Structures are given as C-alpha cells and as structure tokens.
Amino acid sequence: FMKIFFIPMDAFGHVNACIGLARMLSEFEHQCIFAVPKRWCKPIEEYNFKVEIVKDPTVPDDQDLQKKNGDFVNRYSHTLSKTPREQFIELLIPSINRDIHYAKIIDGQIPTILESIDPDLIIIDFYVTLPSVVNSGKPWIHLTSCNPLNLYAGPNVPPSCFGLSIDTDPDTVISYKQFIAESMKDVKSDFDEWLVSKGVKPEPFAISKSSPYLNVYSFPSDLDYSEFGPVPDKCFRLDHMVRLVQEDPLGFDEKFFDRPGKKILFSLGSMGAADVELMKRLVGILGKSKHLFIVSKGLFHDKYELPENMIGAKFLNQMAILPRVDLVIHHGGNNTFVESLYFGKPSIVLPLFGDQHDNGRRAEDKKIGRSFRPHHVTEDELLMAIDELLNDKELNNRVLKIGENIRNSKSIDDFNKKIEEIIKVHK
Ligand SMILES: O=c1ccn([C@@H]2O[C@H](COP(=O)(O)OP(=O)(O)O)[C@@H](O)[C@H]2O)c(=O)[nH]1
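Residues numbered from 1 in each chain as written, not as in the entry; some residues may be left out. Heavy atoms only, no water. Residues with missing side-chain atoms left out of burial classes, pairs and counts.

As summarised from the PDB record, the model derives from X-ray crystallography at a stated resolution of 2.000 Å.

On to the sheet that holds strand β6 (residues 214-218). As summarised here, the arrangement of the seven strands in space is β3-β2-β1-β4-β5-β6-β7, forming an open sheet in which the pairing is parallel. Each edge of the open sheet carries a strand with a single partner, namely β3 (50-53) and β7 (235-238). Looking at each pair of strands side by side, their axes are set apart by 25° on average, direction ignored. In this structure, strand β1 (residues 3-8) lies alongside strand β4 (residues 121-125), joined through five bridges in parallel fashion. Paired with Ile7 across the strands is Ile124, a residue of β4. Together, β1, β2 (31-36), β4, β5 (140-144), β6 and β7 form the strand contacts of helix α1 (residues 12-26), whose direction differs from that of β1 by roughly 170°. (Pairing = 2+ DSSP bridges. Helix = DSSP H or I, 4+ residues; strand = E, 2+ residues; numbered from the N terminus. Axes fitted to C-alpha atoms, helices over the stretch in contact; angles between N-to-C directions. Contact = heavy atoms within 4.5 Å.)

Notably, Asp118 is not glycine yet its phi reads approximately 50°, a positive angle. In this fold, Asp118 is placed in the loop between α5 (110-117) and β4. Of the residues examined, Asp118 reaches a relative accessible area of 41% and is grouped as partly exposed. Phi is positive for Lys367, close to 55°, though the residue is something other than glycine. In this structure, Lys367 sits in the loop between α11 (356-365) and β13 (369-371). (Buried < 20%, exposed > 50% of the residue type's maximum accessible area, 1.4 Å probe, protein only.)

On to the packing of helix α4 (residues 84-107) against helix α7 (residues 170-197). Relative to each other, α4 and α7 sit at 25°, their axes nearing to 11 Å. Classified by the interaxial angle, the pair formed by α4 and α7 is roughly parallel. Seen along the crossing, α4 lies across α7 with a hand that is right-handed. Note on element contacts: α7 touches α4 through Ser175, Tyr176, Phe179, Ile180, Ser183, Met184, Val187, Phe191 and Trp194, opposite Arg85, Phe88, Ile89, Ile93, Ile96, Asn97, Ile100, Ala103, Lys104 and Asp107. Its residues placed into classes, the contact of α4 with α7 shows 13 nonpolar, three polar and three charged. (Parallel < 35°, antiparallel > 145°, perpendicular 65-115°, else oblique. Left-handed = near helix turned anticlockwise from the far one by under 90°. Nonpolar A, V, L, I, M, F, W, Y, C, P; charged D, E, K, R; others polar.)

Buried within helix α3 (residues 67-75) are the following residues: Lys68, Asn69, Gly70, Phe72 and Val73. Residues of α3 that are buried in the fold lie against α2 (38-45) and α4.

Judged by nonpolar contacts, the single largest core of 146 residues is most densely connected at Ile7, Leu21, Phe34 and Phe415. The dominant element in this core, judged by the number of residues it contributes, is α1, at nine residues. (Core = buried A, V, L, I, M, F, W, Y, C linked by side-chain atoms within 4.5 Å.)

Counted under the stated rule, the structure contains 18 aromatic pairs. Note on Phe34 and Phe49: the rings are 5.5 Å apart at their centroids and 25° apart in plane angle, and the pair reads as stacked. You can see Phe34 sitting in strand β2 and its partner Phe49 sitting in the loop between α2 and β3, a full 15 residues away along the chain. We note that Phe34, like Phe49, is buried. Judged by centre distance (5.9 Å) and plane angle (25°), the ring pair of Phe88 and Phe162 falls under stacked. With a gap of 74 residues between them, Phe88 in helix α4 and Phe162 in the loop between β5 and α7 connect regions that are remote in the sequence. The residues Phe88 and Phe162 share a single accessibility class, namely buried. (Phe/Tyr/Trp six-rings, centres within 6.5 Å; stacked < 30°, edge-to-face > 60°.)

This paragraph deals with the site of the ligand. Taken together, 19 residues surround the ligand, and among them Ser270, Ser296, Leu316, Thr336 and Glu339 come closest. The contact in question runs from an oxygen atom of the ligand to an N or O atom on the side chain of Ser296, over 2.7 Å. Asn334 places a polar main-chain atom, nitrogen or oxygen, 3.5 Å from an oxygen atom of the ligand. For the ligand, the protein covers 94% of the area, taking 530 Å² as the surface of the free molecule. At the level of secondary structure, the elements contributing two or more residues to the shell around the ligand comprise α1 and α10 (334-342). In terms of residue count, α10 provides more of the shell around the ligand than any other element does, four residues in total. Taken together, the residues that form the shell around the ligand break down as three nonpolar, 14 polar and two charged. (Near = heavy atom within 4 Å. Polar contact = N/O pair within 3.5 Å; in protein donor to acceptor, adjacent residues only side chain to side chain. Areas by Shrake-Rupley, 256 points an atom, 1.4 Å probe, with all protein chains shown as cover.)

Structure follows, in structure tokens:
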C-alpha cells in the first residue's frame, strides 16, 4: 500500500487518463491523491479520490469544464483546416504556451503539498517539465496519455504530430525535424530560463523531461510502434487507461437506443465540437446517412441543430454509449481512440491537430478504420466510409480481437510490481 500523487494538466484528456490509472492502482489498495484546480475537485471526488486544490486565480472555481479549451478551439478554429506544418507555428506552439502558463501557476504550489501529503510516488501527465517534481527528491513517473510516437524519437524515426510513417521519404522526415527545432527555439529559450531559475538543468531539445524512474503510456500492444523498435528505454506500455464507469448523466433520453437502426457515436472529443461551422458541415453530411447518430455537441451546442436521425448534448456519458454503438466517428484523441478499441468498435478518424494526426495515420496503417481531414472530407467519402466499415466483417473481427487483447492484458500487474520495486530502490 502506498500514497500516489497525481498531477494532471487541467483538461479531460489528461485527467481522464490519470483517473483511469488511479482506479487500476486503487485495486491494489494504493491511495491516489490529485492536485487539480477547484472546478476539477468534485468531478475527481466522484471517483472517491482525495483532492488537493491548486489555486488558479485566472479561472473561476465554478467555470464549466469545457469553457477553457472550447474558447481556445473557437478562437483558433481557422488553424484546424491547415496543414500539420502550418498548424505547428499557428496552433501547437500557442497551445504549448498555454501549458507553460498553467505549469508556472501550479509549480510554486506543489512543493508544500508534497511536504504535507508526503506521497511515496508522484505521477505527472504534463507536456512540460515541473521543477517542483524534479526537485521533490521523490520517485516520479511521467504519464503519456497522447499517442506515444514521440517516446520513439531518435535517428530515422519520424517526429510526432505530422501523420508521418516508416514509409515517409527521409528528405521529408529530415525537413520536419529541422523545422521543429527551428520553430521551438524561442519557446524553449524562454522555458529553459524558468527551469534554470528553479535549479533545473534543461533538456537539449525537449521542454518535457523524461522520468529517470519510469515513463508509462497508454496504447494497445497491437497498435504500438514495433516497426521503430521495442518499448523505448525507461518506458512502460499499458494497453489502456480506460475508466470503465463514468458518473455523468447520459446527456439525452435513453429511449433513443430503442429506435431501430445502427448507432454511431460522433464525438470530436471534449473541445473539437467548439468548431461550430465544422460541426454544421459534418452534421449536414451525416443527416444524409440512413443510420442513427449520438453527437457530443460541445461548448456551443446551443448554436446549431441536429437533424431527425440524431440526438446530442453538450457532453455525453461516453462510457455508457460506447458498448451500444456499431461505429465511432472521432478526432483521433488518444483517450477516445483507445476507448473505441477497448469496446471493439471500428472508427472513422477526423484529426484536428497534434497527436490526432498520428492516430488517424495509425487507424489507416493498421486497417482498423478510415481517416480523413474533417474540413476537406467529401459527402461521398464520409457516407461511403460509414457503410464500408459497418459492412466489413474482416475489419470488425480485427477490431473485436484488439478489444479482447486490450481487456485480457495483465500489464497493470507488471506495472504495480515495477512501481513497488522503484519505491524500495530509492528508500
Ligand atoms: O461527450 C464527451 C466527450 C468526451 N468525453 C471524454 O473526454 C475525453 C477526451 O479525451 P481525448 O484524448 O479523446 O480527446 P481530447 O478532448 O483530449 O482531445 C475522453 O476520455 C472521452 O471519453 C466524454 O466523456 N464525453
């Protein structure tokens, strides 16, 4: 039994992965404590974990959980259709600047919470380094909740966030890595100054320090990047971090499931549906599909309507819906992607940005779904892909087998043994 201290970035994609892993570790009678802003306190307490509040005076205690990222996606909607290269400068770097802003707000509050809680182990799900964790003198694990391609970074291996593969021309890979290094210079220069001020040595190129203890990620064995070598050094693969139960209301009348017809979950994640004009175009196409859609309509749900073959709400109980659908249309977010495979569902992937491009490429390359650019996909492409995947028995059988493998995985038992050994070695 041990006290495990979880520090997630203040967004669904990080918090849900950490809740998933916390529930799995609670099974072994470990006590999991979360450091989050007040608005995230009751949502996490609904899973019966203890919360330590971090102050963020830039966000109200009672702000809607979807407001912070919804307003971001709304403000940057014009970048969501651009090439991965154009997105890097215009969207991903601005996105990382928001991660750095939050890291600077929480970092000064973590050392006192560590002294007061005295955890055995820290688990962080963050895209940038926390000096408070590096300098804690306690064992800490970095949790990757995004697609894991960046953990494989090195010679010959394509960089993440561009949908590239082992088959990409070396010239293109080299060009992308040079572009990323040039593009990140000023952000890294400013970030490193902050690290040095707190007595932390910067990384040569990254602004997120890999744990010298262990680095855990969430990706099915069947999908992992074995073509780029084994599980990377100091890394540990869990097949999934699915929270099996979700406390949220369904979000609409359950009687919808009594309507005859194949059921499709349409969800661009916790923030992507804040691109209202995109949601309107896609819903217009899906309105012509002779199936039934359940739609995660997002922060601006009140600004657009669904046609008669569809039901939707601001935010859905996605765990309750997934076992009742035949197909998922999503943005390639890593939680939604692994949740859909966990329940044996094929997927249509419509990547918006970042690691989603890699999950779109992975769905095509592993023949478990179809991927298109959401702002470009034609009515014919989208309607035909839906009928294709619903009717492809071989592909449905492959996705069922991946779900079986994910559910059969014992890797949580090995993970628990490794963390117990890590705590003993450093005592
Ligand atoms: O209506 C919704 C929309 C999203 N989610 C959850 O929000 C998380 C979104 O994380 P993901 O990595 O899929 O996408 P992100 O929103 O982080 O890009 C997933 O766990 C979903 O199950 C949900 O419960 N209901």
